[PDB]
Structure formats: C-alpha cells, structure tokens
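J.: Have a look at this one before I ask anything.
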Amino acid sequence: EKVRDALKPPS
Amino acid sequence: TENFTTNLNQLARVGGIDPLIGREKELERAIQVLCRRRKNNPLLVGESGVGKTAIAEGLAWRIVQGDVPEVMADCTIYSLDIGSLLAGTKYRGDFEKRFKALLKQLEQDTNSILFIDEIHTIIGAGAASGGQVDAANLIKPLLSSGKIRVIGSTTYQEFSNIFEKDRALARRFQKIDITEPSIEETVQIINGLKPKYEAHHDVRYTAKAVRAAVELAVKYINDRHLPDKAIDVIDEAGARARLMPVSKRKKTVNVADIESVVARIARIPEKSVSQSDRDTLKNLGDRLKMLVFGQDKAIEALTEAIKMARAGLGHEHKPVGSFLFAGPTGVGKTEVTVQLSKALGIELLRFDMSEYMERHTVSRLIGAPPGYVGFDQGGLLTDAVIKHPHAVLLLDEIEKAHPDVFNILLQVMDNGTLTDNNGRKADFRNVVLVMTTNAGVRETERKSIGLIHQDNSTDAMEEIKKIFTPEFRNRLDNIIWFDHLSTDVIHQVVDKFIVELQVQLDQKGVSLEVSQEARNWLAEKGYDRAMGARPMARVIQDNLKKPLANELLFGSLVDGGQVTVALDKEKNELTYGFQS
Amino acid sequence: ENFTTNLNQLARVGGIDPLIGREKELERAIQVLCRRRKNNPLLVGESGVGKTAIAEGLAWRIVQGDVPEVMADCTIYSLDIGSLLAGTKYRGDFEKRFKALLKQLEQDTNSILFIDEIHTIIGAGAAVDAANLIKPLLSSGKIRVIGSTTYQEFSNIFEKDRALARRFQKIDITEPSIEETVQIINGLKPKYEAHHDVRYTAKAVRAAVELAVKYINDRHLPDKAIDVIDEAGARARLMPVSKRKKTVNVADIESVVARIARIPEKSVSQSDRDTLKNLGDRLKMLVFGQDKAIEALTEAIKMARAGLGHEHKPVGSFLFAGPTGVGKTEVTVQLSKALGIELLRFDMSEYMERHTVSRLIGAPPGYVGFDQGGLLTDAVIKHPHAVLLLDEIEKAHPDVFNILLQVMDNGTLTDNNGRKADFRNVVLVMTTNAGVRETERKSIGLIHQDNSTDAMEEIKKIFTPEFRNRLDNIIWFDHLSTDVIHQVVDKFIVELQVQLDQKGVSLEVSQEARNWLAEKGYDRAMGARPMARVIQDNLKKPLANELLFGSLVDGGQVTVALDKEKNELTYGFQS
Ligand SMILES: Nc1ncnc2c1ncn2[C@@H]1O[C@H](COP(=O)(O)OP(=O)(O)OP(O)(O)=S)[C@@H](O)[C@H]1O
Ligand SMILES: Nc1ncnc2c1ncn2[C@@H]1O[C@H](COP(=O)(O)OP(=O)(O)O)[C@@H](O)[C@H]1O
Ligand SMILES: Nc1ncnc2c1ncn2[C@@H]1O[C@H](COP(=O)(O)OP(=O)(O)O)[C@@H](O)[C@H]1O
Ligand SMILES: Nc1ncnc2c1ncn2[C@@H]1O[C@H](COP(=O)(O)OP(=O)(O)O)[C@@H](O)[C@H]1O
C-alpha cells in the first residue's frame, strides 16, 4: 500500500 | 479531523443524538474513569444492540443539558470514523499525517474526548502493509500519559479475541460491562424515544402496543437483544402505517399491528401471536372427538393442556404439554395429532426415531451437520422449532431411540429451552410434545405362557417404567393409553371413510347406497388387531373405489352413478349398481 | 453526478420497461425506505431473477406519484462501479471519487444511491477493494443505499459482519412462477414487437418459458425468456432475405433454443410424442441385443411418462440386473444419447465407506462456500433432467439404502447445503452383478448341483423388501446367445475399418476369423468386457507394427485367416 512518489516541477 | 471527527456535542444541539434513559450506573463508572490521572480511557463492552453507542453519544447529550459534574462541563466528544481516516491515503505517510494531526487537536484541548466505536479495528493495520506502524501503537504513549481520553465500544467476542491480545493497549482501557437492563426498563427507554419515532411517521403509539412490542419480541425475536429488537419493531410499525393506508385511516399504531410486524420478522403465520383462538378452543374437544372415534380421554387431555396455556395457567418455563402415547399401531395416535394441528392451524413436525438408534446419529437432532459444515442447518430438531415457534412435535417409535436422545428431552421438558452446539438458543415453550410407543401393547395382547392366564392389566405399565427412566416419565404431563377399537367405534371409522368417498363422488355426481350389513364385513377385514386400522385404507379403496372407478373411466356405465352396494354371502363381494 | 446515472430522470424521458408483478417485493422496499433507522434495504437474489429491475420500478413509482408524499420528491441514483475504477490504478484513488460523490448526494436530501452488485465493492471476496467508506454512510443514516447482492457471497460478506448486516434489511427475491413469468412477457411484448414489427402467438411465449427452464438449466427463467424472445424476433426479422415472415410460430423458437443449448433440434423441440413413439426404434437401431428386455423397458418408459396420476414420485425407478457388461450400461448411455440428455456416472462400489456416504451429501473436510458440496446432490441440481447411473449397487453400506428409499418415496432430498431437487423428472437405473456371482460358485458336495436361482429370491437377500413393491417392473439379463455375439463382432470391427479408412488403407477379414474371435472373447462370467481386450490386442498389435514400418506403410490390402490344424490367426499383407 505504501508506495513512493516521484514528482516533477513544471519548469 | 475536518471530516473524520463529528462533534457530538454540537450535533446534540441540533438533534440526531437520541436521549439516554436510565444508565446512571454505567455513566457514573465512565465519568470516574475519565477523571483518572492516567489511563482515563473507558471501554464499553457489551452484546450487540445493548446501548453501547448511546451511552457515548448520550454523554454528549447529558453534558449539553448540564446533568454531569462541573469537572466534566465544557467537554467536547469527537466521534472518529476509521474508514474515512483510511480512505484516500494512497501514500507512505498520508495516514500518519492526518492521524497525528488529530492527536495534536486532542492534546491542545484538555477536556476533549475521542469516541471510537468498534475500537477493535485500530489493532488491525490501519495503513500498515507488512509493518507494525498501526493506529493502536501511535496512541499507546498518549493514552498511558493521559494526554488524550478515548472511549471505545466493542462486542464481548471482539473484545475477547480481537482486543486483549495486545496486553499493551488493553491495559490503558478500563472494561465497563454494558448489559441489557431488563424487559421492563426497555419500555421506559422506548417512551423516551417514542416522540422522535412518532414525529417521523406522524403517528402515536399506544401504551399497550409499546409494552406488547418488547414482550412479543422476546418470545419470537431471540437472535438479537432487547433494546434494538424492540425499537426495530416499533420503527417498522410506523412505516407500515405510512404506506398501507391510502389516506384518512387510523394513524394510531394498534396492538394488532405490532403482532403483524413481529410475525413477518419471525415468519410466524400471525394467528398464534393473536389471542383470537378462543372460539376454536370452545368446541375443540367436540370437534376433534367427531373427527377421530374412541380414545376420548386423549383428545380431552390435549385440549385441556392447550386451553390452560392460553388462559395464563401454563408453565412459566416448561413447554405447553408433554405427552406419551402408548397403544397399538393404527389406533388414532397420529390422528389426534394431525387433526389437532389442522384445527389449530399450526404445523405438525414429525421425526422418525427409528433412524436415530445408534449413538453416532443422536448428534444430528441436536447438532449441525458433521464436522463444522452446513449454513442455516443446526440441529434437525432445533431448526424446525426455531422456524415454527408454535407447532406440534411428533416422535414415533421413541422406545427404539437411543438412550442419549432421552437425555436431550430432559432439558426440553424441564427447562423448555434447547441450545444447539453451534451456540444459538432455541426457545420452544409453545410447541406441544407427543411421543408414540408400542411397548405395552405387545405384553397385553400376548397371553401368558402357561396353563393359567396371569393378569396382564399392570404388565403394560411395568414395561414403560423399565423402558423409560423415572426422570423422563416424571417430566411428562400424563401418559395416555389408546385402547383397542371396539365394534361400536369401528362402525364409526368405516362411516367416516365411506362418507369421505361419498363427498368426493358427490362433486363428480355419483351416488352410493352402501348397506349397513356391508359395513360389518368391511370392518373385520379392514381392521386387524396387530396392524390396527392401517390396512383399512386398502379395504375401502380396493373394495369400493376400485371396481366403480374402473367402470367410471371405461365400463358398462360411463356416468350417472346411482350405484348401490350389498353384501354377498356366497362370494363375500360387494354389489355394483349401474343406472345411467 | 457524472459517474452515476439518475434513474428518476431516465423514467421521465422513457426507456424503462413497465414492471409487471412483484407488488409485494416492491412494497416491502418502500416500507423499509421510510424507516428512521436501518432504512438501507438489501436485495438478496440470484442473477437473472430481476433484482436490478425491481429497483428501477421504484423510480417509476415516484414519477408516477403512487407513493407517500415523503418519497414523492425523492430521487434515486445508480452507482457506476466501472466509472469510479476507470483509470485510477491505485487503491485509495477510487475511494476519493466515492467520497466526493457522497458529499454531492449528502447536500441534497431525499437521495437514494442504488449500488448494484454491492458484494463486489465490499468484502475481500474470492476473485481489489477497500470497503472503508460503505460503513460510515450506513451509520450516518444520511442517504439510503439500495444494495443488490447474490445469495452466494452474501453469507460470507454480510452475515460474517455485524456492521453491514445491522444496517441492511434482507429482502428475499425469489424467481417468479411460470404463470407470473408469462404475464411479464405479455407486458414486455409491445416493446419487442415494435422493434421488428412481428406478432408473437400466445403458445410460443408460454412454450419458451416452459422449455427454457427444462433445457437450459444455466440461469433463471426471467432472463432466459427475454433472451430467446428477442433472439427469435431478431432472427425472424432477418432470417428470410426475400420473404418478410412477420408471423412467428413454435418452429422458430425451437431452433433458437437449440443453438444456445447446442443440442439437436429434434430433442430440444417439444416432440415428446414423436420421441416416445420411436424411442424403441431409435434405441434398437444402434443396439440389437436383449430385445426382450428392450420391449419390456421401452413400454415401461411410455407408461412411466404418463405417471398414472402420480407425478411427485420419480418417473423412472427401473432396476437392471444380470451379468456384468452384457448391455446393462450400453442401454443407459444409448438411451441418453437418443434423448440427448447428459449422462451421469457414479459407482456405488467407490461409495462403500461411511466417509464416502458423507461425500455424496456434503464434504467431510472444511470447504469455503460449499461449492463442491455433495458429489451427487450437486450434480442433480446441475442437471435435474438427466438419468442417474449407479454401478455395483449391491456393494453399498446399509445406511445408503435408507437414503435411496426417501428418494423414491419422499421425492426430495435434504442435505447440509439444503438445496432441493425435483426428482419427479429425474430417472434412476442400477446394475447388479451379484446374481451372476451366485451361479459361478460351486457347491460343497461330491457332485455339483444346479445353481440357477430365481432372480426375485436373489434380490431379496441383497435388497430390502420395501423396494420391489415401489418399483415398476424388474428386468433381468440371463445370458447372450451365439447369434447375438457373432453379429456384435462385425459391428466392432467397423470402427477399425472406419479408422483405417481415413489413413488410406483397406482391410479384409475372413468370416472364419470373426467366428473364432467371438467364442474366445465372450465370457459368461464377465459378459462382453474381455471381448474388447481379446479383440484389440489380437488385431491391433500386428497391424499397427506393420503399418509403421513394413509393406503396409501405404496401400493396405491385408488378409486374415486361421489354419484349421493350428486354430490360430494368420495375417497376410500386400504392398
Ligand atoms: N417484473 C419483472 N421481473 C423480472 N425481470 C423483469 C421484470 N420486468 C422486466 N424484467 C426484465 O428481466 C431482466 C431481469 O434482469 P435482472 O435479473 O435484473 O439482472 P441482474 O440480476 O441485475 O443481472 P447481473 O448483473 O448479471 S447479477 C431485465 O431484462 C428486466 O428488464
Ligand atoms: N438507554 C437507551 N436510550 C436510548 N436508546 C437506547 C438505549 N439503550 C439502547 N438504545 C438503542 O440501542 C441502539 C444502539 O445499539 P448499538 O449499541 O449501537 O449496537 P451495536 O453494538 O450493534 O453497534 C439504538 O437504537 C439506541 O437508541
Ligand atoms: N381411531 C381412528 N379413527 C379414524 N381413523 C383412524 C383411527 N386410527 C387410525 N386411523 C387411520 O389410520 C391411518 C393410518 O394409520 P395411522 O392413523 O397413522 O396410525 P397411528 O394412529 O397408530 O399412528 C390414518 O390415515 C388414520 O386416518
Ligand atoms: N448388446 C450389445 N451389443 C454390443 N456390445 C455390447 C452389448 N451389450 C454390451 N456390449 C459391450 O459390453 C462392453 C461393456 O463395457 P463396460 O462399459 O466397461 O462394462 P461394465 O459397465 O459392465 O463395466 C462394451 O464393449 C459394450 O459395447
């Protein structure tokens, strides 16, 4: 259930 | 916290939370626990539907009204929803973020209290997958230190198995046993709740109806507990009053309406619950007497036992009646049972005791299918009585039954309630109990082996005394002997069979003129001392119906009837008249 | 609101067929919906029964106005599980959508959320979900939720949990009666007919319901009835290109059911008179042995179907006895093949252990859902209109015989599962090898004595006297004759000839070889069972070896004969 998340900035 | 916790105190101001009636002892114990320096977390352990959640919600209602001590004033109860807290997390720390935030709020307010219904769930992983970071572990330090106060409601079974396994969390909580108060206190509770329910359905509940609901629920609705069951029948009664009448009909909920609602829940025919059977009881003896001839002392005994139970003289805990039928086969033992069932309208459950002869098969009657298999099965006897509260249990060839079966009946007759291995409580106090045995007939019919014929008048009782234990016989109301059918009563039996055939022929248009002399000859062949009247079925059908029936389908006379019968001395045959 | 679809608004614009029947079930839902607490109703019903449609009927009542004023302004919605689970890919994303819809529904009062197939969303199940948000909406009492769940998966999801069962009221939704179902078709007839402008005769619609339950035995008759009706109408619309057969008849509906059933049209068609009339002729064609038994048995079947005014008892209760493999089983399988029913096989010898008796009516080991249940009772429910074959009935425990008496007399059987079987249509047959065993043994005496005994007396020793009186007629096979066995050899070799025909090689067998193979292969004690072993190893081994490597690789042209002095077969092959 616990999953890591990778984000990305717009620019 | 924004949506997970609903402020019960604020909710009570508007409504929703119904008033709590008479739980001072429970609330006093809870208020005392909440005032503790440490581990001030009450736990409400009780059976389902016994007001576990009303006490917690009711405490908020009582606080608003100022019916609590000054120390507990200015206190807000919060009702945490575990499902909402575990919905939408989808991340490593979403659950801990929101859960910890709730604790910060509670820590900020010294008087804030958290009400967690079904607290057994927190032990189960809230948002932990292959990990032990659960909701319970997070709150363990705070409960020990008195930072937050938590109220929990859980069932005894859940408390015993789900809860109490982690001795850590169990230690913080103080068990408060919540049990149903009484059959009479529930009436007071419904009175306090009656205005809210009355307003919803725009009806008024009669004082007799509310008392009847509780009393009627206990007799039939045994699966659930007293507070919830009584309220549920009340709720359903108002709804039926809303939909059944179109308009300008009686708004008041009558006592008869309560009986209809409880009947459908219990799947009862709705006739037994009512007390309008007095008319049938008036002439029950005479009506049954004409149906079955001879053995009058048996019909009067049966009617008298039923009549007393419906007049308030019945046994408080025992069944309506326990009887043993000792007589020859085919002497009307099963006739009084079936005819009684038909007139009363209740079912006639029949169990063959020849099948239950060995020890391994006794468990079937008082046990679920072998091992732990089968769904709504239970004991073969238990599901029949539970299904039909008012019935006529019939057992044939009880003497053949294994001794262990008699031990089961001892508690039935002595206590009136039977508990299945599964765990359910079967209460059958209305069912009459009848057993049929042929123990004594063998001794009485057979003559002594000697030149002198010894007296066999008392021999029949001696066999029953040794065959049936004294404890078993003592519980029985009376032992009634079915005596051999004398020639006088034998004439009535043939009259009933021939008249019955005449009724069937009457619709078809055929008529019969059987002679009285033919009746005598039919009786000798039809009735046997050893087999009783069981062979008499074939004699009437074969001698009278079969020759005429063959002719009716295809014969010299296709139709018109007007048949006659007379005894033939030389041929010992019955005459057949064919007039078109 | 985008996920769900408002049924109340749908009725205003049409597209909802007028519900017919289920007045009591529909009225029950309204009564519970008006409750202060536990208002949330449940619809425990099997697939195809019509549990989804009854909820739609409620919306029509609101629009019609034939309900109390409390529900006159109420609205109903249908939760679309597919819409919510469309592209989330993570558990918990689904939950967020459910919460948002609940808030939208919560703001407006008198809103009912009809959750079709509620069992899927809640509970772990067998073959995903969270079930965390269904509990708070029930406890809050804000919005009523109508949940449709099957009988199966309801005991393992709702009865196991108190929270869901406490807030849900159980409504038993049984299948409608045959009379009630045909009335529904009449109600739905104008909508289907308007689509393709064909007129259905009353006989065809009534026949469809009666025949569908008898043959399909897959799902409940309400769904099956609408399928065959729509299928026949669609087929009739485009079946003839040149001819527009606007009329409908029983002929058309029969073919449609045959296609889905995948059974011959003659058997599926209501041609019971035709099939019974030629039952013996069809059976006698394939098998020409034991004509005496066939004549008695064939007549017993025709009279049995009539029932002689008694239908509750099983129609077929014939018992067969005699030597093993002398036609005891061939007649049963060939009887089913001609009828087209699915033959079932159970060997009582295997079920000669008390533990095995429980297997027939349940499972001794713990099972989840009791899907397997009884080995025989479940099969009867699966195919009620099928023959039941029993082998070696003699070698069975005494208790098993008691159960058999109830079937023929009571006409119904009750087990741990509690499923009821309509034994009326069910047929039964048994084979007894004990009789042949009595003649095979030799007496303890200086000179042997005739061991032939009456068939009736033999049965009394092994069978209770309370069974032969309830039976129709006893059929016994004494032994085969030289002319019958000799002809059978010719029939069996044809299969080898047909097998060789595809391979491209011919075969020739001398008449002398056929006669010799019959005496050795046939056995009085074992009937014709060893004949297959004797004939196969004799003929198959030499031909198979040569066919692979030898002159017989292609062409065939074989010849077989036996020398008189040798009294042994000789095989000749030509390249
Ligand atoms: N009075 C009626 N009773 C039953 N079915 C009806 C009735 N009137 C119309 N029908 C139709 O009969 C069919 C019944 O289907 P249902 O039993 O509701 O299906 P279902 O159980 O929801 O199916 P699933 O999703 O496969 S479990 C539909 O085509 C209904 O429109
Ligand atoms: N003293 C009481 N005053 C008011 N309602 C009560 C009282 N005792 C019980 N009830 C009723 O009991 C029900 C609460 O049952 P509950 O304890 O929540 O059941 P469960 O344990 O199955 O969750 C409500 O109908 C509530 O009104
Ligand atoms: N006294 C009686 N009067 C009329 N019929 C009787 C009487 N006793 C027995 N019978 C008939 O006997 C038939 C078969 O025997 P049964 O009554 O079942 O025997 P038993 O009463 O010994 O159990 C029943 O159909 C019943 O009508
Ligand atoms: N009348 C018959 N004509 C042709 N073959 C027959 C006939 N009766 C029986 N047989 C043959 O008897 C054999 C029975 O085999 P099998 O089914 O194993 O026997 P069983 O059921 O006795 O164990 C088959 O080869 C079958 O074709």
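FYI, it's all coordinate maths here, none of it is from the lab. Virtual Cβ from ideal backbone geometry, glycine too; neighbours counted across all protein chains shown.
J.: Among C:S78, C:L101, C:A29, which residue has its Cα positioned farthest towards the positive end of the charge dipole of the range C:1-124, with +1 placed on the Cβ of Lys and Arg, -1 on the Cβ of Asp and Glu, and the dipole taken about the Cα centre?
T.: It is C:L101, whose Cα lies furthest towards the positive end.
J.: Extending each Cα 7 Å along its Cβ direction at C:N249 and C:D291, get the distance between those two points in nm, one decimal.
T.: Result: 3.8 nm between the two label points.
J.: Further, regarding this structure: Taking 7 Å along the Cα-to-C-beta vector as the label spot, tell me the B:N572-C:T412 distance in nanometres, rounded to one decimal.
T.: Label-label distance for B:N572 and C:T412, simple model: 4.3 nm.
J.: Would you be so kind as to identify which of B:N161, B:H200, B:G15 lies farthest towards the positive end of the dipole of chain B, taking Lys and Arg as +1 and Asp and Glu as -1 on Cβ and the Cα centre as origin?
T.: Going by the Cα projections, it comes out as B:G15.
J.: The range B:55-132: which GluC sites (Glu not before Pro) are DSSP loop and have at most 10 other beta-carbon atoms within 10 angstrom? Don't skip to the end; give the middle numbers.
T.: Working: sites: B:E57, B:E70, B:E96, B:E107, B:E118; in loops: B:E70, B:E118.
Taking the range B:55-132 and a limit of 10 other Cβ atoms within 10 Å, the loop GluC sites (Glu not before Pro) found are B:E70.
J.: Also, I was wondering about something else. Using square roots of five times the C-alpha gyration tensor eigenvalues, list the equivalent-ellipsoid semi-axes of the range C:405-536 in whole Å, biggest first. Walk me through the numbers on the way to the answer.
T.: Numbers: eigenvalues 305, 151, 27 Å².
Each semi-axis is √(5λ); the values are 39, 27, 12 Å.
J.: Additional query: Under the rule of at least 5 residues apart or a separate chain, name every residue whose amide H is placed under 5 Å from the amide H of C:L79.
T.: Amide H neighbours of C:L79, under 5 Å, 5+ apart: C:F114, C:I115, C:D116.
J.: Would you kindly derive the ³J(HN,Hα) couplings of the range C:360-372 from the backbone phi angles with the Karplus curve 6.51 cos²θ - 1.76 cosθ + 1.60 (θ = phi - 60°), listing them in order in whole Hz, with x for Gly and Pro?
T.: 5, 10, x, 10, x, x, x, 10, 9, x, 6, 5, 5
J.: Measure of size requested: the Rg and Dmax of the range B:195-288, with Cα atoms as the atom set and Å as the unit; please supply both.
T.: That works out to 15.1, 51 Å for Rg and Dmax.
J.: To the nearest 10 degrees, how steep is helix B:487-508 against the longest Cα principal axis of chain B, on a 0 to 90 scale?
T.: So the inclination is approximately 80 degrees.
J.: Suppose every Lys and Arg Cβ carries +1 and every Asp and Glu Cβ carries -1, with no other charges. What dipole size does chain C come out with about its Cα centre, to the nearest 20 debye?
T.: For this selection, approximately 1880 debye.
J.: Let's see if you can work this out: charge +1 on each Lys and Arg Cβ, -1 on each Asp and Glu Cβ, no other charges. What is the dipole magnitude of the protein assembly as shown about its Cα centre, in debye to the nearest 20?
T.: So the dipole magnitude of the protein assembly as shown works out to roughly 3960 debye.
J.: Where does the range C:135-222 land on the Kirkwood hydrodynamic radius, alpha-carbon pairs, in angstrom? If you can, show how the numbers build up before the last one.
T.: Details: mean 1/r = 0.0604 Å⁻¹.
It works out to 16.6 Å.
J.: Shifting gears a bit: Which far-off residues, 5 or more places away or on another chain, put their amide H under 5 Å from the one on B:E347, with H placed in the peptide plane?
T.: B:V392
J.: Per DSSP helix of 4 or more residues, -39500 (n - 2.57); summed, then divided by the residues of chain C. What does that give at 222 nm, rounded to the nearest 500?
T.: -14500 deg cm²/dmol
J.: With a cut-off of 8 Å between alpha carbons and a minimum separation of six or more residues, what is the relative contact order of the range B:1-126 in percent? If you can, show how the numbers build up before the last one.
T.: Working: 116 pairs, mean separation 40.9, N = 126.
Averaging sequence separation for qualifying contacts and normalising by length gives 32 percent for the range B:1-126.
J.: Now a separate question. In nm, to one decimal, how far is the modelled label at B:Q541 from the one at C:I403, with both set 7 Å along Cα→Cβ?
T.: Distance between label points: 3.0 nm.
J.: Over all directions, the average projected area of the alpha-carbon convex hull for the protein assembly as shown comes to how many nm²?
T.: For the protein assembly as shown, averaging the hull's shadow over all directions gives 71.5 nm².
J.: Still on this structure, please answer the following. For the range B:84-208, take every pair of Cα atoms, bin their distances at 5 Å starting from 0, and report each bin as a whole percent.
T.: It works out to 2, 9, 15, 16, 14, 12, 8, 10, 7, 5, 2, 0, in whole percents.
J.: Next question, about the same structure. Which trypsin sites (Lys or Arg not before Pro) in the range C:359-453 sit in a loop by DSSP (not H, G, I, E or B) and have at most 14 other Cβ atoms within 10 Å of their own Cβ?
T.: For trypsin sites (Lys or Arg not before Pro) across the range C:359-453 that sit outside H, G, I, E and B with at most 14 neighbouring Cβ atoms in 10 Å, the list reads C:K420, C:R441, C:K442.
J.: Still on this structure, please answer the following. Quick one: divide the alpha-carbon radius of gyration of the range B:283-405 by 2.2 N^0.38 Å and tell me what you get. Provide the component values of the computation, followed by the final result.
T.: Numbers: Rg = 16.3 Å, N = 123, 2.2 N^0.38 = 13.7 Å.
Taking the Cα Rg and dividing by 2.2 N^0.38 Å, one obtains 1.19.
J.: Using alpha-carbon positions, what is the distance between the centroids of the range C:63-98 and the range C:496-575, in Å?
T.: What the calculation gives is 74 Å, centre to centre.
J.: Right, next: Calculate the FRET efficiency for B:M461 and B:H317 from the Cβ-Cβ distance with a Förster distance of 25 Å, rounded to the nearest 0.05.
T.: 0.30
J.: State the answer as a single residue: which of B:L485, B:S145, B:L291 lies farthest towards the positive end of the charge dipole of chain B, with beta carbon charges of +1 for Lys and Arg and -1 for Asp and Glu, about the Cα centre.
T.: B:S145
J.: Next question. Compactness ratio of the range B:1-115: Cα Rg over 2.2 N^0.38 Å, N = residue count?
T.: That works out to 1.13 for the range B:1-115.
J.: Quick one: compute the contact order of the range C:205-355, relative version, from alpha carbon pairs under 8 angstrom and 6+ residues apart, as a percent.
T.: So the answer I get is 17 percent.
J.: Can you give me the Rg/Rh ratio for chain C, using Cα atoms for both radii and the Kirkwood formula for Rh?
T.: Result for chain C is an Rg/Rh of 1.09.
J.: Ok, one more. Obtain the radius of gyration and the Kirkwood radius of the range B:355-436 from its C-alpha atoms and give Rg over Rh.
T.: Reported Rg/Rh (Cα atoms, Kirkwood Rh): 0.93.
J.: Once the Cβ-Cβ distance between C:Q104 and B:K104 is put in as r, and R0 is 35 Å, what FRET efficiency do you end up with, to the nearest 0.05?
T.: My answer for the efficiency is 0.70.
J.: Here is a further query. What size of dipole, in debye to the nearest 20, comes out for the range B:232-367 about its Cα centre when the only charges are +1 on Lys and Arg C-beta atoms and -1 on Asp and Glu C-beta atoms?
T.: Details: 22 positive and 18 negative charges, 115 e Å.
With only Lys, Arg, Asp and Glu charged at Cβ, the dipole is about 560 debye.
J.: If the chain between B:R534 and B:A207 were fully stretched, how many nm would it gain, using 0.36 nm times the residue separation less the Cα-Cα distance? Please list the in-between numbers first.
T.: Numbers: separation 327, 0.36 × 327 = 117.72 nm, distance 5.45 nm.
Answer, rounded to one decimal: 112.3 nm.
J.: What residues from the range B:6-39 fall in the zone where the backbone N is under 14 Å from a label point 7 Å along the Cα-to-C-beta line of C:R37?
T.: B:16-21
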